[PDB]
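The file data_27.txt comes next; it holds compact mmCIF, C-alpha atoms and all ligand atoms.
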```
# COMPACT_ATOMS: atom_id res chain seq x y z
CA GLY A 33 0.00 0.00 0.00
CA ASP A 34 2.94 2.30 0.71
CA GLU A 35 2.02 4.73 3.49
CA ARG A 36 4.05 7.62 2.06
CA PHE A 37 2.50 7.45 -1.42
CA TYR A 38 -1.03 7.74 -0.03
CA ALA A 39 -0.30 10.37 2.61
CA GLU A 40 1.81 12.55 0.31
CA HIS A 41 0.31 12.01 -3.14
CA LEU A 42 -2.87 9.98 -3.61
CA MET A 43 -4.99 11.35 -0.76
CA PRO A 44 -3.81 14.97 -1.11
CA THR A 45 -4.55 15.01 -4.86
CA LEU A 46 -7.92 13.36 -4.25
CA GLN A 47 -8.85 16.02 -1.69
CA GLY A 48 -7.98 18.62 -4.30
CA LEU A 49 -10.36 17.18 -6.88
CA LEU A 50 -13.45 16.04 -4.98
CA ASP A 51 -15.46 17.42 -2.07
CA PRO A 52 -15.57 15.52 1.28
CA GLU A 53 -18.87 13.71 0.69
CA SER A 54 -18.09 12.71 -2.91
CA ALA A 55 -14.72 11.40 -1.73
CA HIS A 56 -16.52 9.40 0.96
CA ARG A 57 -18.95 7.84 -1.53
CA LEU A 58 -16.08 6.92 -3.85
CA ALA A 59 -14.22 5.45 -0.87
CA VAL A 60 -17.19 3.27 0.06
CA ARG A 61 -17.47 2.07 -3.54
CA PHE A 62 -13.79 1.17 -3.94
CA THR A 63 -13.78 -0.48 -0.53
CA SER A 64 -16.93 -2.55 -1.12
CA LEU A 65 -15.34 -3.91 -4.31
CA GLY A 66 -12.13 -4.81 -2.51
CA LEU A 67 -10.07 -2.39 -4.60
CA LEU A 68 -7.47 -1.84 -1.87
CA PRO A 69 -3.65 -1.50 -1.98
CA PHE A 73 0.70 -6.76 7.56
CA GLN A 74 0.03 -10.05 9.34
CA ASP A 75 -1.66 -9.82 12.74
CA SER A 76 0.47 -11.30 15.52
CA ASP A 77 -0.98 -13.08 18.55
CA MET A 78 0.03 -10.01 20.58
CA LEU A 79 -2.80 -8.03 19.00
CA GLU A 80 -5.50 -10.58 19.79
CA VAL A 81 -8.14 -9.53 22.32
CA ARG A 82 -11.05 -11.41 23.85
CA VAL A 83 -13.99 -9.34 25.11
CA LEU A 84 -17.74 -8.88 24.71
CA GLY A 85 -17.97 -12.65 24.40
CA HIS A 86 -15.86 -12.66 21.25
CA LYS A 87 -12.33 -12.86 19.91
CA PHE A 88 -10.77 -9.98 17.97
CA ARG A 89 -7.65 -10.78 15.94
CA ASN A 90 -6.54 -7.14 16.37
CA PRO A 91 -8.06 -4.25 18.42
CA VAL A 92 -8.30 -1.75 15.56
CA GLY A 93 -11.77 -1.30 14.10
CA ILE A 94 -13.46 1.08 11.68
CA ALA A 95 -15.68 3.55 13.54
CA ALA A 96 -19.34 4.10 12.76
CA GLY A 97 -19.97 6.65 10.04
CA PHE A 98 -17.77 5.37 7.23
CA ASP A 99 -20.08 2.49 6.31
CA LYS A 100 -23.45 3.79 7.49
CA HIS A 101 -25.47 1.35 5.38
CA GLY A 102 -23.32 -1.77 5.67
CA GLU A 103 -22.10 -1.77 2.05
CA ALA A 104 -18.37 -2.37 2.49
CA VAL A 105 -18.05 -4.70 5.47
CA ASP A 106 -15.99 -7.33 3.66
CA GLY A 107 -13.76 -4.71 2.06
CA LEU A 108 -13.15 -3.17 5.48
CA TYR A 109 -12.01 -6.54 6.86
CA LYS A 110 -9.74 -6.80 3.85
CA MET A 111 -8.33 -3.38 4.78
CA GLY A 112 -6.98 -4.87 8.00
CA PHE A 113 -9.59 -3.89 10.59
CA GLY A 114 -10.00 -6.32 13.48
CA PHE A 115 -13.72 -5.59 13.59
CA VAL A 116 -16.27 -3.54 11.69
CA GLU A 117 -19.10 -1.33 12.96
CA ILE A 118 -21.56 -0.03 10.37
CA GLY A 119 -22.34 3.73 10.68
CA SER A 120 -25.67 4.52 12.36
CA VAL A 121 -28.91 2.97 11.09
CA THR A 122 -32.37 4.48 11.67
CA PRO A 123 -35.70 2.55 11.62
CA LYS A 124 -37.03 4.28 8.51
CA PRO A 125 -34.90 5.67 5.65
CA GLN A 126 -34.06 9.40 5.76
CA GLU A 127 -31.84 11.72 3.70
CA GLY A 128 -30.34 13.67 6.60
CA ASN A 129 -29.31 17.34 6.47
CA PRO A 130 -28.78 19.29 3.20
CA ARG A 131 -25.34 19.57 1.60
CA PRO A 132 -22.70 20.68 2.26
CA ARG A 133 -22.71 18.81 5.56
CA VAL A 134 -19.11 17.59 5.88
CA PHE A 135 -16.00 19.77 6.03
CA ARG A 136 -12.25 19.21 6.02
CA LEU A 137 -9.85 20.99 8.38
CA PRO A 138 -6.50 19.84 6.91
CA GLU A 139 -4.44 22.27 9.01
CA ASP A 140 -5.87 20.49 12.08
CA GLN A 141 -6.03 16.97 10.66
CA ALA A 142 -9.68 17.16 11.64
CA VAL A 143 -13.16 17.03 10.19
CA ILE A 144 -16.52 18.59 11.04
CA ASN A 145 -19.71 16.81 9.97
CA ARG A 146 -23.46 17.34 10.38
CA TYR A 147 -24.90 14.54 8.22
CA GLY A 148 -27.94 14.16 10.45
CA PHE A 149 -28.28 10.37 10.32
CA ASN A 150 -28.59 9.86 6.57
CA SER A 151 -29.64 6.17 6.48
CA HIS A 152 -31.04 3.55 4.09
CA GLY A 153 -33.06 2.30 7.07
CA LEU A 154 -33.32 -1.01 8.94
CA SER A 155 -35.06 -2.94 6.15
CA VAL A 156 -32.41 -2.24 3.52
CA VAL A 157 -29.54 -2.85 5.93
CA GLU A 158 -31.28 -5.99 7.24
CA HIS A 159 -31.42 -7.60 3.78
CA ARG A 160 -27.90 -6.46 3.00
CA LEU A 161 -26.51 -8.19 6.12
CA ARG A 162 -28.71 -11.29 5.66
CA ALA A 163 -27.14 -11.81 2.23
CA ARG A 164 -23.79 -12.49 3.96
CA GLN A 165 -25.03 -13.61 7.38
CA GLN A 166 -23.34 -17.00 7.29
CA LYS A 167 -20.16 -15.56 5.82
CA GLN A 168 -20.11 -13.15 8.78
CA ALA A 169 -20.72 -16.05 11.15
CA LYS A 170 -17.45 -17.60 9.94
CA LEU A 171 -15.60 -14.27 10.08
CA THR A 172 -16.72 -13.70 13.67
CA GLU A 173 -15.66 -17.24 14.62
CA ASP A 174 -12.36 -16.32 12.94
CA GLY A 175 -11.88 -13.28 15.17
CA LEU A 176 -13.55 -10.64 12.98
CA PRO A 177 -16.71 -9.44 14.83
CA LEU A 178 -19.41 -7.16 13.40
CA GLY A 179 -20.96 -4.28 15.28
CA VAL A 180 -24.19 -2.50 14.37
CA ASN A 181 -24.80 1.05 15.50
CA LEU A 182 -28.40 2.16 16.00
CA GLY A 183 -29.83 5.66 15.64
CA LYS A 184 -33.28 7.23 15.68
CA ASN A 185 -35.33 8.98 12.99
CA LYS A 186 -35.58 12.75 13.00
CA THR A 187 -39.39 12.82 13.18
CA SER A 188 -39.68 9.93 15.64
CA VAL A 189 -41.78 10.64 18.72
CA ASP A 190 -40.77 7.59 20.76
CA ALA A 191 -36.96 7.41 20.82
CA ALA A 192 -37.02 4.25 22.93
CA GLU A 193 -39.21 2.50 20.37
CA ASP A 194 -36.86 3.50 17.54
CA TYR A 195 -33.94 1.78 19.26
CA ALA A 196 -36.16 -1.15 20.24
CA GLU A 197 -36.95 -1.72 16.56
CA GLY A 198 -33.27 -1.59 15.70
CA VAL A 199 -32.58 -4.24 18.31
CA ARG A 200 -35.22 -6.60 16.97
CA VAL A 201 -34.34 -6.12 13.30
CA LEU A 202 -30.53 -5.94 13.29
CA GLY A 203 -29.76 -7.43 16.70
CA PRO A 204 -29.95 -11.00 15.31
CA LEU A 205 -27.28 -10.10 12.73
CA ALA A 206 -24.76 -8.41 15.03
CA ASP A 207 -22.11 -9.48 17.49
CA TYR A 208 -22.76 -6.25 19.33
CA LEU A 209 -25.23 -3.40 19.12
CA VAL A 210 -24.55 0.24 19.82
CA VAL A 211 -27.16 2.54 21.31
CA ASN A 212 -25.96 5.80 19.80
CA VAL A 213 -27.19 8.59 22.04
CA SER A 214 -24.26 10.94 21.44
CA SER A 215 -24.81 12.28 17.94
CA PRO A 216 -24.65 16.09 18.11
CA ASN A 217 -26.55 16.40 14.81
CA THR A 218 -29.97 15.23 15.99
CA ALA A 219 -31.98 17.63 18.16
CA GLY A 220 -32.44 16.35 21.70
CA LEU A 221 -30.62 13.05 21.10
CA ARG A 222 -27.84 13.82 23.57
CA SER A 223 -30.40 14.58 26.28
CA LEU A 224 -31.11 10.84 26.24
CA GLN A 225 -27.75 10.46 28.00
CA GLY A 226 -29.44 11.77 31.16
CA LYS A 227 -29.72 9.29 34.03
CA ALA A 228 -33.52 9.07 34.03
CA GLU A 229 -33.90 8.90 30.25
CA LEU A 230 -30.95 6.58 29.73
CA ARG A 231 -32.21 4.15 32.37
CA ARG A 232 -35.64 3.89 30.77
CA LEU A 233 -34.10 3.70 27.31
CA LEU A 234 -31.52 1.02 28.16
CA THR A 235 -33.97 -1.03 30.21
CA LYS A 236 -36.22 -1.40 27.15
CA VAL A 237 -33.27 -2.06 24.82
CA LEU A 238 -31.88 -4.80 27.09
CA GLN A 239 -35.30 -6.39 27.48
CA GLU A 240 -35.69 -6.55 23.69
CA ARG A 241 -32.17 -7.93 23.36
CA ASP A 242 -32.72 -10.61 26.01
CA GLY A 243 -35.80 -11.73 24.08
CA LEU A 244 -33.68 -12.85 21.10
CA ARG A 245 -32.60 -16.48 20.59
CA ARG A 246 -29.21 -17.18 22.19
CA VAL A 247 -27.08 -17.48 19.04
CA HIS A 248 -28.66 -14.23 17.84
CA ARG A 249 -28.23 -12.40 21.16
CA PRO A 250 -25.72 -9.52 20.79
CA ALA A 251 -23.88 -7.56 23.44
CA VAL A 252 -25.22 -4.04 24.02
CA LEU A 253 -22.98 -0.99 24.30
CA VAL A 254 -23.76 2.71 24.67
CA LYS A 255 -21.83 5.31 22.67
CA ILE A 256 -21.32 8.54 24.60
CA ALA A 257 -20.24 12.10 23.85
CA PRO A 258 -16.89 13.68 24.85
CA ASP A 259 -18.74 16.78 26.06
CA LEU A 260 -20.31 15.28 29.17
CA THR A 261 -20.16 17.01 32.54
CA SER A 262 -18.63 15.15 35.50
CA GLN A 263 -22.17 14.54 36.76
CA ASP A 264 -23.30 13.05 33.43
CA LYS A 265 -20.39 10.62 33.50
CA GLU A 266 -21.12 9.52 37.07
CA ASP A 267 -24.76 8.89 36.16
CA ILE A 268 -23.90 6.94 32.99
CA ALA A 269 -21.52 4.75 34.97
CA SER A 270 -24.20 4.15 37.60
CA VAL A 271 -26.88 3.19 35.07
CA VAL A 272 -24.41 0.96 33.21
CA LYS A 273 -23.69 -1.04 36.36
CA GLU A 274 -27.30 -1.08 37.52
CA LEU A 275 -28.64 -2.51 34.24
CA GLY A 276 -25.56 -4.52 33.38
CA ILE A 277 -24.74 -2.78 30.08
CA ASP A 278 -22.13 -4.87 28.25
CA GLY A 279 -19.88 -1.97 27.33
CA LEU A 280 -19.32 1.60 26.27
CA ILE A 281 -18.05 3.33 23.14
CA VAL A 282 -16.30 6.43 24.39
CA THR A 283 -16.90 9.78 22.85
CA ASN A 284 -18.62 10.43 19.59
CA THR A 285 -17.61 13.71 17.91
CA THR A 286 -17.35 16.96 19.94
CA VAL A 287 -19.46 20.12 19.71
CA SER A 288 -16.61 21.96 21.39
CA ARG A 289 -14.04 23.88 19.37
CA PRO A 290 -10.65 23.54 21.12
CA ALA A 291 -8.57 26.70 21.05
CA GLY A 292 -5.88 26.53 18.39
CA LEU A 293 -7.97 25.22 15.46
CA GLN A 294 -6.63 26.71 12.22
CA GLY A 295 -9.00 25.32 9.60
CA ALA A 296 -10.95 27.97 7.71
CA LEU A 297 -14.10 25.94 8.35
CA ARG A 298 -13.55 25.64 12.11
CA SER A 299 -16.79 27.50 12.90
CA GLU A 300 -19.09 25.25 10.85
CA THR A 301 -21.83 23.60 12.92
CA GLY A 302 -21.37 19.91 13.60
CA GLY A 303 -19.28 17.31 15.35
CA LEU A 304 -15.51 17.75 15.32
CA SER A 305 -13.36 14.63 14.83
CA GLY A 306 -9.66 13.88 14.37
CA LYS A 307 -6.55 15.06 16.24
CA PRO A 308 -8.21 17.96 18.11
CA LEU A 309 -10.53 15.36 19.69
CA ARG A 310 -7.88 12.77 20.57
CA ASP A 311 -6.95 13.62 24.16
CA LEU A 312 -10.43 14.81 25.09
CA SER A 313 -11.50 11.30 24.05
CA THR A 314 -8.65 9.54 25.84
CA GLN A 315 -9.46 11.41 29.06
CA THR A 316 -13.15 10.46 28.84
CA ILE A 317 -12.09 6.82 28.43
CA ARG A 318 -9.82 7.12 31.47
CA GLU A 319 -12.67 8.55 33.56
CA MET A 320 -15.31 5.98 32.49
CA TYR A 321 -12.85 3.13 33.12
CA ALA A 322 -12.32 4.31 36.73
CA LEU A 323 -16.04 4.99 37.33
CA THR A 324 -16.82 1.42 36.23
CA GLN A 325 -13.91 -0.11 38.16
CA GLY A 326 -12.45 -1.51 34.95
CA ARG A 327 -15.29 -4.06 34.85
CA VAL A 328 -17.01 -2.60 31.78
CA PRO A 329 -15.38 -3.13 28.35
CA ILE A 330 -14.62 0.12 26.55
CA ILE A 331 -14.06 0.80 22.88
CA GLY A 332 -11.90 3.90 22.54
CA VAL A 333 -12.52 6.20 19.60
CA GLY A 334 -11.35 9.71 18.81
CA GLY A 335 -8.30 11.00 16.94
CA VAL A 336 -6.44 7.71 16.55
CA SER A 337 -3.91 7.86 13.73
CA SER A 338 -0.87 5.99 15.12
CA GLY A 339 0.23 3.16 17.36
CA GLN A 340 0.90 5.64 20.15
CA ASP A 341 -2.64 7.04 19.89
CA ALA A 342 -4.10 3.53 20.17
CA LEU A 343 -1.87 2.48 23.06
CA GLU A 344 -2.65 5.66 24.99
CA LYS A 345 -6.34 4.81 24.81
CA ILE A 346 -5.65 1.16 25.62
CA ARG A 347 -3.55 2.08 28.69
CA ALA A 348 -6.33 4.51 29.62
CA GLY A 349 -8.79 1.62 29.74
CA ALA A 350 -9.98 0.79 26.24
CA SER A 351 -10.10 -2.90 25.32
CA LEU A 352 -10.47 -2.00 21.64
CA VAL A 353 -10.06 1.16 19.57
CA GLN A 354 -11.57 2.52 16.36
CA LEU A 355 -10.66 5.21 13.87
CA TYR A 356 -12.25 7.02 10.94
CA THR A 357 -10.95 10.54 10.34
CA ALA A 358 -7.34 9.34 10.08
CA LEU A 359 -8.47 7.16 7.17
CA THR A 360 -9.75 10.25 5.36
CA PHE A 361 -6.27 11.84 5.46
CA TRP A 362 -3.81 8.95 5.22
CA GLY A 363 -5.90 6.38 3.38
CA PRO A 364 -6.03 2.56 3.85
CA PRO A 365 -2.32 2.28 4.72
CA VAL A 366 -3.08 3.91 8.07
CA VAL A 367 -4.63 0.68 9.36
CA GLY A 368 -1.43 -1.33 8.96
CA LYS A 369 0.65 1.56 10.25
CA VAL A 370 -1.35 1.77 13.48
CA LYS A 371 -1.17 -1.99 14.06
CA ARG A 372 2.57 -2.27 13.38
CA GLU A 373 3.38 0.71 15.62
CA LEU A 374 1.10 -0.61 18.37
CA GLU A 375 2.84 -3.99 18.25
CA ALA A 376 6.28 -2.36 18.46
CA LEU A 377 5.23 -0.09 21.34
CA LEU A 378 3.71 -2.98 23.28
CA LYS A 379 7.04 -4.84 23.09
CA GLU A 380 9.01 -1.70 23.85
CA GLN A 381 6.97 -1.09 27.01
CA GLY A 382 7.18 -4.65 28.32
CA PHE A 383 3.63 -5.74 27.56
CA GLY A 384 3.08 -9.36 26.60
CA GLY A 385 0.13 -8.24 24.52
CA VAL A 386 -2.76 -5.80 24.12
CA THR A 387 -4.69 -7.48 26.95
CA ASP A 388 -1.88 -6.77 29.42
CA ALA A 389 -1.89 -3.05 28.59
CA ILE A 390 -5.67 -2.59 29.02
CA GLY A 391 -5.98 0.03 31.75
CA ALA A 392 -2.27 -0.15 32.61
CA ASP A 393 -2.12 3.55 33.58
CA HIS A 394 -4.59 2.97 36.43
CA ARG A 395 -2.32 0.33 37.97
CA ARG A 396 0.87 2.38 37.76
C1 LIG B 1 -18.31 12.00 8.50
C2 LIG B 1 -18.56 11.30 9.84
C3 LIG B 1 -19.73 10.59 10.06
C4 LIG B 1 -20.01 9.91 11.32
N1 LIG B 1 -21.17 9.19 11.49
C5 LIG B 1 -21.39 8.56 12.64
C6 LIG B 1 -22.62 7.77 12.85
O1 LIG B 1 -23.50 7.66 11.98
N2 LIG B 1 -22.76 7.16 14.03
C7 LIG B 1 -21.82 7.22 15.12
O2 LIG B 1 -22.07 6.61 16.14
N3 LIG B 1 -20.67 7.95 14.94
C8 LIG B 1 -20.44 8.59 13.78
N4 LIG B 1 -19.29 9.31 13.60
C9 LIG B 1 -18.32 9.37 14.70
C10 LIG B 1 -17.18 8.36 14.65
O3 LIG B 1 -17.76 7.02 14.74
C11 LIG B 1 -16.22 8.55 15.86
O4 LIG B 1 -16.98 8.46 17.13
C12 LIG B 1 -15.56 9.96 15.87
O5 LIG B 1 -15.47 10.49 14.53
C13 LIG B 1 -14.15 9.96 16.48
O6 LIG B 1 -13.21 9.15 15.76
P1 LIG B 1 -12.20 9.72 14.65
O7 LIG B 1 -11.57 11.00 15.22
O8 LIG B 1 -11.17 8.62 14.47
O9 LIG B 1 -13.01 10.00 13.41
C14 LIG B 1 -19.00 10.00 12.35
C15 LIG B 1 -17.81 10.74 12.11
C16 LIG B 1 -17.56 11.38 10.90
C17 LIG B 1 -16.24 12.12 10.74
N1 LIG B 2 -15.50 11.33 4.89
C1 LIG B 2 -14.83 10.27 4.35
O1 LIG B 2 -15.21 9.11 4.64
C2 LIG B 2 -13.66 10.46 3.44
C3 LIG B 2 -13.15 11.77 3.15
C4 LIG B 2 -12.04 11.95 2.28
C5 LIG B 2 -11.54 13.32 2.00
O2 LIG B 2 -10.52 13.52 1.20
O3 LIG B 2 -12.12 14.36 2.55
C6 LIG B 2 -11.41 10.81 1.69
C7 LIG B 2 -11.89 9.49 1.96
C8 LIG B 2 -11.25 8.29 1.33
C9 LIG B 2 -11.16 8.19 -0.09
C10 LIG B 2 -10.58 7.05 -0.71
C11 LIG B 2 -10.06 5.98 0.08
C12 LIG B 2 -9.47 4.79 -0.58
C13 LIG B 2 -10.13 3.52 -0.51
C14 LIG B 2 -9.58 2.37 -1.15
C15 LIG B 2 -8.35 2.48 -1.87
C16 LIG B 2 -7.68 3.74 -1.95
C17 LIG B 2 -8.23 4.89 -1.31
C18 LIG B 2 -10.14 6.07 1.52
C19 LIG B 2 -10.73 7.21 2.14
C20 LIG B 2 -13.02 9.33 2.83
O1 LIG B 3 -24.92 11.23 11.05
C1 LIG B 3 -24.38 12.11 11.71
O2 LIG B 3 -24.43 13.36 11.56
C2 LIG B 3 -23.48 11.80 12.93
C3 LIG B 3 -23.84 10.89 13.86
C4 LIG B 3 -22.93 10.64 15.00
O3 LIG B 3 -23.18 9.84 15.88
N1 LIG B 3 -21.76 11.40 15.01
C5 LIG B 3 -21.39 12.35 14.05
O4 LIG B 3 -20.33 12.97 14.15
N2 LIG B 3 -22.28 12.54 12.98
```
Transcribe the structure of this file into structure tokens.
Amino acid sequence: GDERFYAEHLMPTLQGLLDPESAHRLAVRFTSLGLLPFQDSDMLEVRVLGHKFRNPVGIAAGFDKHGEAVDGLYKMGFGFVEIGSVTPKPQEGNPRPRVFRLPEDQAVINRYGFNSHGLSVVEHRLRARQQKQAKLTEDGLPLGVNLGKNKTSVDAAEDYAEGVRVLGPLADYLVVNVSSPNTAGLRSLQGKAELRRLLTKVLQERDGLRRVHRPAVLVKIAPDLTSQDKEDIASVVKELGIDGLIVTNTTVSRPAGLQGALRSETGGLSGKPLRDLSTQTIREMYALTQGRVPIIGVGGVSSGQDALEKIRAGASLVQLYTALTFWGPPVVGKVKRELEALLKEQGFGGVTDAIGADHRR
């Protein structure tokens, strides 16, 4: 794949010809077809959420919102794949432009608004490769499905309930996405009272599925939570027995120092400016849950060091997206190779040993 060629020539030129969204669409197409340019060592293997992951680096929700490039993403080197956010009924999302590049900050701002083909379309798309996925999962390549809610929905809880019943049987884990900053009032569902009611219904629906079709349930949270919000989330998670957390979605904050001309566009900020804010949220949730709740770290990961910092902070797995938009497919292998080297360099027998290491030092 040659990391330098992509980061210095291919990607840059591409960004100079097409707009963010068009580039994304093209990316999904090429990926789905397997038109892509490192062997995983046992050190990168991780066992959590009732599954084995050959490596802890996954593709974050948002790149493959409709589940169209799952196989191509596995081919890219990801240890697990999570498909964007799916809503019960189809919806176009916000008007364009709704995605912006901040190259000077190695960041992105997006306000898609949950553009989704809907549960039915995604359901049939995953059913067409359900058994193939069964073998991939058994092989250490799990599939996650991220659930959202429609813009005009009145009963948010019912929207997620539907997602559980329709896609739950096809996923190794489900994600209750209540941290999207582009859907009015969605984040308010992170409140203790609302989250408890919401997760109680989700878990009940999940427990009603046949055993082999019973996925783990995780909640994806924002990086803009107050200390109180985090304490409440942790409490609800332990009270209901949530299987895990996905730490920090994009941020509505705008860290001082941003240079991008489009820094003041409305939307969620991703990439490097979000990295440490995300790592710190992971560190806090890990401690609040006594390290007993699996955490998938996401936010500004572009190197082995970025991944290990989140792992040491408490993440059992990590994900990336924005880095892919700047460095291209080669970034996946780069992250894995650097993570492996750093693990050895720091005396860790493997990823598992480093999980939460900072809390024990
Ligand atoms: C263009 C774009 C679309 C996204 N769409 C979703 C989504 O539908 N659901 C979700 O849970 N997160 C979504 N995210 C958030 C990512 O999954 C991730 O939480 C965040 O971008 C931080 O990781 P990164 O800095 O490596 O991109 C999106 C991010 C971007 C940049
Ligand atoms: N928002 C995005 O998802 C996004 C934004 C941009 C951008 O330039 O803004 C670029 C990409 C992108 C384009 C092509 C490839 C690719 C795939 C297979 C083989 C070679 C290259 C990967 C990522 C995605
Ligand atoms: O579809 C979107 O706008 C979206 C959803 C989400 O969870 N995060 C994000 O940054 N964008």
Nearest to ligand LIG 3 (chain B), restricted to all atoms listed in the file and choosing among A:35, A:373, A:158, A:127, comes out as A:127
Identify, on the basis of only C-alpha atoms, every residue whose closest approach to residue 291 in chain A does not exceed 12 Å; exclude the query and any residue fewer than 4 positions from it along the same chain; express the result as a list in words.
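Skipping anything fewer than 4 positions along the chain leaves residues 140, 295, 298, 299, 308 and 309 of chain A.
With distances restricted to all atoms listed in the file, A:175 is the closest residue to residue 89 in chain A from A:33, A:204, A:175, A:326.
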Quiz prompt | Using only C-alpha atoms and all ligand atoms: which of A:353, A:268, A:377, A:118 has the shortest distance to ligand LIG 3 (chain B) | solution =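 Looking at the shortest contact to ligand LIG 3 (chain B), the residue is A:118.
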* **Non-local contacts of residue 235 in chain A (10 Å; all atoms listed in the file; under 3 positions in same chain excluded) as a list in words** =>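 The residues satisfying every condition are residues 192, 229, 230, 231, 232, 238, 239, 240, 241, 271, 274, 275, 276 and 277 of chain A.
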* To do: Please write out the residues within 7 Å of ligand LIG 2 (chain B) as an MDAnalysis selection string, counting all atoms listed in the file.
  => chainID A and resid 43 46:47 51:53 55:56 58:59 62:63 67:69 98 136 359:361 363:364
Save out the residues we just selected, C-alpha atoms, as a compact mmCIF listing (two decimals), in the coordinates of the input.
```txt
# COMPACT_ATOMS: atom_id res chain seq x y z
CA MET A 43 -4.99 11.35 -0.76
CA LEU A 46 -7.92 13.36 -4.25
CA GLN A 47 -8.85 16.02 -1.69
CA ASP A 51 -15.46 17.42 -2.07
CA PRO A 52 -15.57 15.52 1.28
CA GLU A 53 -18.87 13.71 0.69
CA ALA A 55 -14.72 11.40 -1.73
CA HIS A 56 -16.52 9.40 0.96
CA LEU A 58 -16.08 6.92 -3.85
CA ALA A 59 -14.22 5.45 -0.87
CA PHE A 62 -13.79 1.17 -3.94
CA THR A 63 -13.78 -0.48 -0.53
CA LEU A 67 -10.07 -2.39 -4.60
CA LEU A 68 -7.47 -1.84 -1.87
CA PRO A 69 -3.65 -1.50 -1.98
CA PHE A 98 -17.77 5.37 7.23
CA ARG A 136 -12.25 19.21 6.02
CA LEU A 359 -8.47 7.16 7.17
CA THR A 360 -9.75 10.25 5.36
CA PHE A 361 -6.27 11.84 5.46
CA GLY A 363 -5.90 6.38 3.38
CA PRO A 364 -6.03 2.56 3.85
```
Selected residue of minimal separation from ligand LIG 3 (chain B) among A:124, A:222, A:41, A:61, counting all atoms listed in the file: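 Counting all atoms listed in the file, the residue closest to ligand LIG 3 (chain B) is A:222.
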From CA of residue 197 in chain A to CA of residue 242 in chain A the spacing works out at 13.6 Å
